[PDB]
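Accompanying notes for the structure given below.
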Amino acid sequence: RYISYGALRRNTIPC
Amino acid sequence: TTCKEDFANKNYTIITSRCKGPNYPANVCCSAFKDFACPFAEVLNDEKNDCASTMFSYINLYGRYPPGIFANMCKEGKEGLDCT
Amino acid sequence: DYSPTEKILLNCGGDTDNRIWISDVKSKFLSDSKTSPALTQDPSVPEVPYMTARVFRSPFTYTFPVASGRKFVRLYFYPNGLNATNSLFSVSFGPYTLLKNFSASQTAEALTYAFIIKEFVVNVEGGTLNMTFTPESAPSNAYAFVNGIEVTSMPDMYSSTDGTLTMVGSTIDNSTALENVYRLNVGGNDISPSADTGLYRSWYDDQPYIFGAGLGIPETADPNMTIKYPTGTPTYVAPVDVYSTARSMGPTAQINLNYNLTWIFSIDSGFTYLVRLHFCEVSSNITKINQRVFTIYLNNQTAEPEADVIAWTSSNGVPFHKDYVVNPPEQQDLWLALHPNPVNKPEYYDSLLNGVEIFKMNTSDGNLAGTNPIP
Ligand SMILES: *[C@@H]1O[C@H](CO)[C@@H](O[C@@H]2O[C@H](CO)[C@@H](O)[C@H](O)[C@H]2NC(C)=O)[C@H](O)[C@H]1NC(C)=O
Ligand SMILES: *[C@@H]1O[C@H](CO)[C@@H](O)[C@H](O)[C@H]1NC(C)=O
Ligand SMILES: *[C@@H]1O[C@H](CO)[C@@H](O)[C@H](O)[C@H]1NC(C)=O
C-alpha cells in the first residue's frame, strides 16, 4: 500500500 | 463526506517532534508524516472522503507548518509513498 | 500576429474553434479510397473533422501546392465497417517517414485520449508535397486512414543554425524535421489553436505532467503589468497568455531548497529532443538581478547552472526563451526539473517557468517514427 499523490494534493498551496 | 476516522484526537507528536525548525528537512519530515498517516492510507487515498483535507488541516495546525511542505517535498515513486 | 499564407484545413469525407474545413471529395489535393462516417460518436469528440474519415485500402498519396518554406503538418486521427484495432500503417513525406507501424487505437487509449493530433514541422522546396499513406503489408489485415489534414505555412521559428548556439546536455538544426510531442502553458490554461498567435498551435496545461503532488503555486502577471516582447522580436513566438502565467515553488525559501519543481514527459527512444523553455518574470517582487536564480536540469542533468530571468531580459514582464537538446540514454520518461541556486546569495530561493515545447528531431535523414505505446 501507498499514500497516493491524490491525497498529498490535498496539501496543495492556496491563494 | 465527513471523514470516517477522527483526526482531532490523534497524537501528532509523531510529526511535531521530528519535523521541526526553520529548515524542514525533506527526509526527516516525510519519514514523520509517513509514520503518522500510513496506518490510514486506505481512508486518505479514497477520493470520496473528506479526511485527507481534514488531516492536513490538523497537521498544519498543531505544527504551525508552512503551507504545502508535504505535497511539495514528499515524493518517492510513481505509485506514491510506500508505507510498508 | 502571424498570418500564414497557406491555411489548408482539409476534412476527409466531409468547427468548435471557429475554423472552416473543406472536404477532400473533389479536392485537387486528391490524386481507391472508401469514405465512411464514424461508427461511434463520443460527446467529448467534435464531428469535424473527427466524424468523417477516408480509408486507404491500398497506398495513397496526397499532394498540396505550396511555396518554398517550412510548414506545420498535422494529422487528425480518431480510432474507429472495419475493426479499429487492425489498422497499422506508415505515412511518408519526401525523404522523411513521419509514421510507421502506427496504431491509432493502441496509441490513443494508452494515453486516455479519444482522438489524437500529430504535429510536424517540415521544410519544403518546390511547389508540391508528398503525403503518402501506406497500409503496412506486414500483416494482411492492416489498412490506413486519416480523419483530416492540416498544412499551415510557418516561419523558420524553431531552428538554431547559428554557430555554437546549441549543444546537448553533456548541435545543428537546418532542414531537419521535427515532430511536436508536448506544448505546455506552464501555470496557465489551455490555449486553443485560434487563441494561438496565428500559428494554430494547441497549448496544454502543464499540471498533468507534474511528478508528484509538488505543484508549488501558479502565478499570473499583475493587471498593471504589460508583457512587452523585446524590440525586434517576433511577437508570435508564444501567446501572451503563455508568458503572463507561470509556475514557481512557493512562498517559503527553506521549503524550496528541499524539493525540485519537476515534470516528466514520456518520449520515444533512439531520438534527440529539442526543448524550448519559455520565461517571463511576472512577479511584482522580482525586478532586479540576483533575486530569483535557479538551476534547470534536463533528464537528471544540468542544462542551466544559474538562470536569472532578469539577466536574460533586464526587466519585469518581458518574454524570453531558450532552446536545449536532450539526448536520452537509449517508451521513455524525460525529466525536467528546476531548483533554486543559492550560490551568490539571491534574495529569494525560487524557480520559474512559463512554457514548454518539446520536439523530436529526425535522426540523420530518415525516421521520425517511434514504437507504439504499450498501455
Ligand atoms: C531520473 O531519476 C529517476 C529516479 O528518481 C529515475 O528512475 C526510476 O524512477 C521511478 C520513479 O518514477 C521508479 O519507479 C523506477 O523504478 C526508477 N527506475 C530506475 C531504473 O531508476 C529516472 O529513470 C531517471 N531518469 C534518467 C533518464 O536519468
Ligand atoms: C504521543 O505519543 C508518544 C509516543 O511516542 C508519547 O510519548 C507522547 O506522550 C504522546 N503525546 C501525547 C500528547 O499524548
Ligand atoms: C510493429 O508494430 C507492432 C504492433 O502492430 C508492434 O508490436 C511491434 O513492436 C512493432 N515493431 C516495430 C519494429 O516497430
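So you can find residues: chains in the C-alpha cells are A, B, ... in the order shown, residues in each start at 1, and ligands are numbered from 1 in order.
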Quick one: residues within 7 Å of residue 13 of chain A, only C-alpha atoms counted, chain neighbours fewer than 6 positions away excluded, as an NGL selection string? (:B and (67-68)) or (:C and (216-217))
What residues in chain C lie within 8 Å of chain B, counting only C-alpha atoms, written as a PyMOL selection string? chain C and resi 211-216+252+254-255+258-260
With N, CA, C and O atoms retained, export the selected residues as an mmCIF file, in the first residue's frame.
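Saved the output as selection.cif:
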```
data_model
loop_
_atom_site.group_PDB
_atom_site.id
_atom_site.type_symbol
_atom_site.label_atom_id
_atom_site.label_comp_id
_atom_site.auth_asym_id
_atom_site.auth_seq_id
_atom_site.Cartn_x
_atom_site.Cartn_y
_atom_site.Cartn_z
ATOM 1 N N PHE C 211 5.207 15.779 -11.332
ATOM 2 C CA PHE C 211 5.574 14.415 -10.971
ATOM 3 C C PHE C 211 4.794 13.920 -9.756
ATOM 4 O O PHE C 211 4.181 12.847 -9.800
ATOM 5 N N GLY C 212 4.798 14.669 -8.664
ATOM 6 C CA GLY C 212 4.091 14.153 -7.502
ATOM 7 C C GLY C 212 2.847 14.938 -7.150
ATOM 8 O O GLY C 212 1.928 15.073 -7.961
ATOM 9 N N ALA C 213 2.801 15.434 -5.922
ATOM 10 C CA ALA C 213 1.893 16.497 -5.543
ATOM 11 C C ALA C 213 2.575 17.857 -5.565
ATOM 12 O O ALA C 213 1.954 18.856 -5.188
ATOM 13 N N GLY C 214 3.838 17.912 -5.990
ATOM 14 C CA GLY C 214 4.630 19.120 -5.909
ATOM 15 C C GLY C 214 4.318 20.126 -6.998
ATOM 16 O O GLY C 214 5.018 20.195 -8.014
ATOM 17 N N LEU C 215 3.270 20.918 -6.781
ATOM 18 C CA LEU C 215 2.788 21.889 -7.746
ATOM 19 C C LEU C 215 3.276 23.306 -7.477
ATOM 20 O O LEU C 215 3.002 24.201 -8.286
ATOM 21 N N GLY C 216 3.964 23.542 -6.368
ATOM 22 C CA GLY C 216 4.306 24.895 -5.988
ATOM 23 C C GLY C 216 3.098 25.810 -5.956
ATOM 24 O O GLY C 216 2.140 25.556 -5.222
ATOM 25 N N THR C 252 7.954 29.860 0.731
ATOM 26 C CA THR C 252 8.891 29.543 1.803
ATOM 27 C C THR C 252 10.223 29.099 1.214
ATOM 28 O O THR C 252 10.278 28.122 0.460
ATOM 29 N N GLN C 254 13.271 27.947 2.614
ATOM 30 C CA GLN C 254 13.863 26.675 3.018
ATOM 31 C C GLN C 254 13.076 25.482 2.476
ATOM 32 O O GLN C 254 13.673 24.440 2.181
ATOM 33 N N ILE C 255 11.756 25.609 2.305
ATOM 34 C CA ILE C 255 10.997 24.540 1.649
ATOM 35 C C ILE C 255 11.446 24.390 0.201
ATOM 36 O O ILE C 255 11.628 23.273 -0.302
ATOM 37 N N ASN C 258 14.377 22.234 -0.507
ATOM 38 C CA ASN C 258 14.352 20.803 -0.266
ATOM 39 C C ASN C 258 13.652 20.017 -1.363
ATOM 40 O O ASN C 258 13.596 18.789 -1.278
ATOM 41 N N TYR C 259 13.142 20.672 -2.404
ATOM 42 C CA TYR C 259 12.472 19.918 -3.452
ATOM 43 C C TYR C 259 12.719 20.567 -4.800
ATOM 44 O O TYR C 259 13.047 21.749 -4.892
ATOM 45 N N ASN C 260 12.595 19.759 -5.846
ATOM 46 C CA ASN C 260 12.656 20.225 -7.220
ATOM 47 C C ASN C 260 11.245 20.392 -7.756
ATOM 48 O O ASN C 260 10.376 19.554 -7.504
#
```
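Applying a distance limit of 6 Å to only C-alpha atoms, the residues of chain A near chain C read residues 5, 8 and 9 of chain A.
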Please identify all protein, DNA and RNA residues within 9 Å of ligand 2, counting only C-alpha atoms and all ligand atoms, and report them as number ranges by chain. B: 10-14
Kindly work out which residues sit at most 8 Å from ligand 3, using only C-alpha atoms and all ligand atoms, and give the list as a JSON list (two decimals) with N, CA and C atoms, in the first residue's frame.
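Result file follows (result-v3.json):
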```json
[["chain", "number", "residue", "atom", "x", "y", "z"],
["C", 88, "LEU", "N", -2.80, -0.65, -39.18],
["C", 88, "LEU", "CA", -1.40, -0.46, -38.94],
["C", 88, "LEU", "C", -0.86, 0.05, -40.25],
["C", 100, "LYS", "N", 5.30, 5.06, -38.92],
["C", 100, "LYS", "CA", 5.47, 3.68, -39.33],
["C", 100, "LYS", "C", 4.90, 2.75, -38.29],
["C", 101, "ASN", "N", 4.24, 1.68, -38.72],
["C", 101, "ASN", "CA", 3.70, 0.67, -37.82],
["C", 101, "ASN", "C", 2.85, 1.34, -36.79],
["C", 102, "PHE", "N", 2.05, 2.28, -37.23],
["C", 102, "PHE", "CA", 1.25, 3.07, -36.32],
["C", 102, "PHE", "C", -0.18, 2.61, -36.09],
["C", 103, "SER", "N", -0.57, 2.52, -34.83],
["C", 103, "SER", "CA", -1.92, 2.14, -34.44],
["C", 103, "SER", "C", -2.56, 3.31, -33.77],
["C", 370, "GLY", "N", 8.36, 6.31, -33.94],
["C", 370, "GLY", "CA", 8.72, 5.55, -32.76],
["C", 370, "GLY", "C", 7.80, 4.37, -32.55],
["C", 371, "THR", "N", 8.04, 3.67, -31.45],
["C", 371, "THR", "CA", 7.25, 2.49, -31.12],
["C", 371, "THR", "C", 5.81, 2.87, -30.77],
["C", 372, "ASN", "N", 4.92, 1.88, -30.86],
["C", 372, "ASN", "CA", 3.54, 2.12, -30.45],
["C", 372, "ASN", "C", 3.43, 2.00, -28.93]]
```
Compile a residue-level contact table for chain C against ligand 1 at a cut-off of 9 Å, reporting for every qualifying residue the shortest atom pair and its distance in Å to one decimal, with only C-alpha atoms and all ligand atoms counted, rows ordered by chain and ascending number, as a Markdown table.
```
| residue | atom | partner | partner_atom_place_in_ligand_line | distance |
| --- | --- | --- | --- | --- |
| C:211 | CA | ligand 1 | 12 (O) | 8.1 |
| C:264 | CA | ligand 1 | 12 (O) | 8.9 |
| C:298 | CA | ligand 1 | 27 (C) | 8.6 |
| C:299 | CA | ligand 1 | 27 (C) | 4.8 |
| C:300 | CA | ligand 1 | 28 (O) | 5.1 |
| C:301 | CA | ligand 1 | 28 (O) | 7.7 |
| C:328 | CA | ligand 1 | 27 (C) | 6.4 |
| C:329 | CA | ligand 1 | 27 (C) | 6.3 |
| C:332 | CA | ligand 1 | 27 (C) | 8.0 |
| C:333 | CA | ligand 1 | 27 (C) | 6.7 |
| C:334 | CA | ligand 1 | 27 (C) | 6.2 |
| C:335 | CA | ligand 1 | 25 (N) | 6.4 |
```
Would you pick out the contacts of segment 45-49 of chain B at 6 Å or less, using only C-alpha atoms, so that residues sharing its chain but fewer than 2 positions from it are not included, and give the list as a PyMOL selection string? (chain A and resi 4+7) or (chain B and resi 1+3+41-43+51)
Set the distance at 10 Å and use only C-alpha atoms: which residues neighbour segment 134-142 of chain C once local chain neighbours fewer than 3 positions away are removed? I'd like the list as a PyMOL selection string. chain C and resi 55-61+82-83+85-92+99-103+131+145
Selected residues written out, N, CA, C and O atoms, as an mmCIF file, in the first residue's frame:
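After the write, selection-v4.cif holds the following:
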```
data_model
loop_
_atom_site.group_PDB
_atom_site.id
_atom_site.type_symbol
_atom_site.label_atom_id
_atom_site.label_comp_id
_atom_site.auth_asym_id
_atom_site.auth_seq_id
_atom_site.Cartn_x
_atom_site.Cartn_y
_atom_site.Cartn_z
ATOM 1 N N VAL C 55 -10.714 6.031 -46.020
ATOM 2 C CA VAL C 55 -9.878 4.863 -45.774
ATOM 3 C C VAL C 55 -9.123 4.309 -46.952
ATOM 4 O O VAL C 55 -9.686 4.082 -47.994
ATOM 5 N N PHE C 56 -7.833 4.127 -46.741
ATOM 6 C CA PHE C 56 -6.974 3.650 -47.783
ATOM 7 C C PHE C 56 -6.698 2.186 -47.693
ATOM 8 O O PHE C 56 -5.881 1.704 -46.916
ATOM 9 N N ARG C 57 -7.362 1.508 -48.604
ATOM 10 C CA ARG C 57 -7.273 0.103 -48.803
ATOM 11 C C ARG C 57 -5.863 -0.229 -49.273
ATOM 12 O O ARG C 57 -5.256 -1.189 -48.835
ATOM 13 N N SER C 58 -5.347 0.607 -50.162
ATOM 14 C CA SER C 58 -4.005 0.496 -50.735
ATOM 15 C C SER C 58 -3.297 1.844 -50.654
ATOM 16 O O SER C 58 -3.887 2.851 -50.302
ATOM 17 N N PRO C 59 -2.012 1.870 -50.944
ATOM 18 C CA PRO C 59 -1.286 3.125 -50.800
ATOM 19 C C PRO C 59 -1.957 4.277 -51.489
ATOM 20 O O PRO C 59 -2.546 4.155 -52.546
ATOM 21 N N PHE C 60 -1.892 5.410 -50.824
ATOM 22 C CA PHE C 60 -2.445 6.638 -51.325
ATOM 23 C C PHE C 60 -1.426 7.729 -51.164
ATOM 24 O O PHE C 60 -0.608 7.706 -50.249
ATOM 25 N N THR C 61 -1.451 8.684 -52.068
ATOM 26 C CA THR C 61 -0.542 9.789 -51.963
ATOM 27 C C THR C 61 -1.334 11.040 -52.117
ATOM 28 O O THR C 61 -2.187 11.121 -52.964
ATOM 29 N N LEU C 82 -14.727 -1.662 -40.856
ATOM 30 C CA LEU C 82 -13.521 -2.366 -40.437
ATOM 31 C C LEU C 82 -13.310 -2.281 -38.948
ATOM 32 O O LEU C 82 -13.899 -1.440 -38.298
ATOM 33 N N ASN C 83 -12.526 -3.207 -38.403
ATOM 34 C CA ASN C 83 -12.234 -3.235 -36.975
ATOM 35 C C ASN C 83 -11.122 -2.263 -36.623
ATOM 36 O O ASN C 83 -10.071 -2.255 -37.242
ATOM 37 N N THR C 85 -8.870 -2.005 -34.092
ATOM 38 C CA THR C 85 -7.540 -2.445 -33.682
ATOM 39 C C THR C 85 -6.629 -2.788 -34.841
ATOM 40 O O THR C 85 -5.425 -2.613 -34.761
ATOM 41 N N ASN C 86 -7.186 -3.376 -35.879
ATOM 42 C CA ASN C 86 -6.384 -3.723 -37.026
ATOM 43 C C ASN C 86 -6.235 -2.587 -38.033
ATOM 44 O O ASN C 86 -6.870 -2.561 -39.074
ATOM 45 N N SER C 87 -5.452 -1.597 -37.666
ATOM 46 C CA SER C 87 -5.122 -0.533 -38.575
ATOM 47 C C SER C 87 -3.677 -0.344 -38.255
ATOM 48 O O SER C 87 -3.357 0.021 -37.148
ATOM 49 N N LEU C 88 -2.799 -0.652 -39.182
ATOM 50 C CA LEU C 88 -1.402 -0.462 -38.940
ATOM 51 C C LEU C 88 -0.865 0.047 -40.245
ATOM 52 O O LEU C 88 -1.041 -0.593 -41.262
ATOM 53 N N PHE C 89 -0.165 1.169 -40.214
ATOM 54 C CA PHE C 89 0.347 1.757 -41.433
ATOM 55 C C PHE C 89 1.468 2.716 -41.218
ATOM 56 O O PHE C 89 1.944 2.898 -40.123
ATOM 57 N N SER C 90 1.918 3.282 -42.316
ATOM 58 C CA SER C 90 3.006 4.248 -42.313
ATOM 59 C C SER C 90 2.609 5.460 -43.147
ATOM 60 O O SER C 90 1.789 5.367 -44.065
ATOM 61 N N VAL C 91 3.212 6.600 -42.815
ATOM 62 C CA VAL C 91 2.995 7.867 -43.505
ATOM 63 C C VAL C 91 4.357 8.443 -43.853
ATOM 64 O O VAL C 91 5.222 8.547 -42.972
ATOM 65 N N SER C 92 4.540 8.841 -45.117
ATOM 66 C CA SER C 92 5.820 9.360 -45.574
ATOM 67 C C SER C 92 5.664 10.703 -46.282
ATOM 68 O O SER C 92 4.598 11.052 -46.808
ATOM 69 N N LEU C 99 5.428 8.459 -40.062
ATOM 70 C CA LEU C 99 4.876 7.418 -39.224
ATOM 71 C C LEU C 99 5.081 6.029 -39.792
ATOM 72 O O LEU C 99 5.030 5.833 -40.987
ATOM 73 N N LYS C 100 5.298 5.057 -38.916
ATOM 74 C CA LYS C 100 5.468 3.677 -39.326
ATOM 75 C C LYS C 100 4.897 2.755 -38.294
ATOM 76 O O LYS C 100 5.026 3.029 -37.130
ATOM 77 N N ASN C 101 4.243 1.682 -38.721
ATOM 78 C CA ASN C 101 3.703 0.667 -37.816
ATOM 79 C C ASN C 101 2.846 1.341 -36.789
ATOM 80 O O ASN C 101 2.873 1.000 -35.629
ATOM 81 N N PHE C 102 2.046 2.282 -37.231
ATOM 82 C CA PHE C 102 1.255 3.066 -36.316
ATOM 83 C C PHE C 102 -0.181 2.614 -36.093
ATOM 84 O O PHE C 102 -0.905 2.352 -37.026
ATOM 85 N N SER C 103 -0.571 2.524 -34.827
ATOM 86 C CA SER C 103 -1.918 2.141 -34.435
ATOM 87 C C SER C 103 -2.559 3.309 -33.768
ATOM 88 O O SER C 103 -2.050 3.790 -32.794
ATOM 89 N N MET C 131 2.454 13.453 -49.607
ATOM 90 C CA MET C 131 1.792 12.898 -48.452
ATOM 91 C C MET C 131 1.304 11.528 -48.871
ATOM 92 O O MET C 131 0.311 11.419 -49.567
ATOM 93 N N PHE C 145 -5.877 5.015 -42.668
ATOM 94 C CA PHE C 145 -6.942 6.004 -42.654
ATOM 95 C C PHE C 145 -6.520 7.354 -42.074
ATOM 96 O O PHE C 145 -5.559 7.415 -41.357
#
```
Tell me which protein, DNA and RNA residues are within 9 Å of residue 65 of chain B, counting only C-alpha atoms, leaving out same-chain ones fewer than 4 positions away, and put them as a PyMOL selection string. chain B and resi 19-20+59-61+69
Enumerate, as a VMD selection string, the complete set of residues in segment 53-111 of chain C that a backbone-based DSSP assignment places in helix (DSSP H, G or I). chain C and resid 104 to 110
Test item: residues at most 6 Å from residue 14 of chain C, only C-alpha atoms, excluding those fewer than 2 positions along its chain, as a VMD selection string: chain C and resid 11 to 12 23
Find the residues near residue 1 of chain A: any atom within 7 Å, counting only C-alpha atoms, skip ones fewer than 3 places away on the same chain, and give them as number ranges by chain. B: 82-84
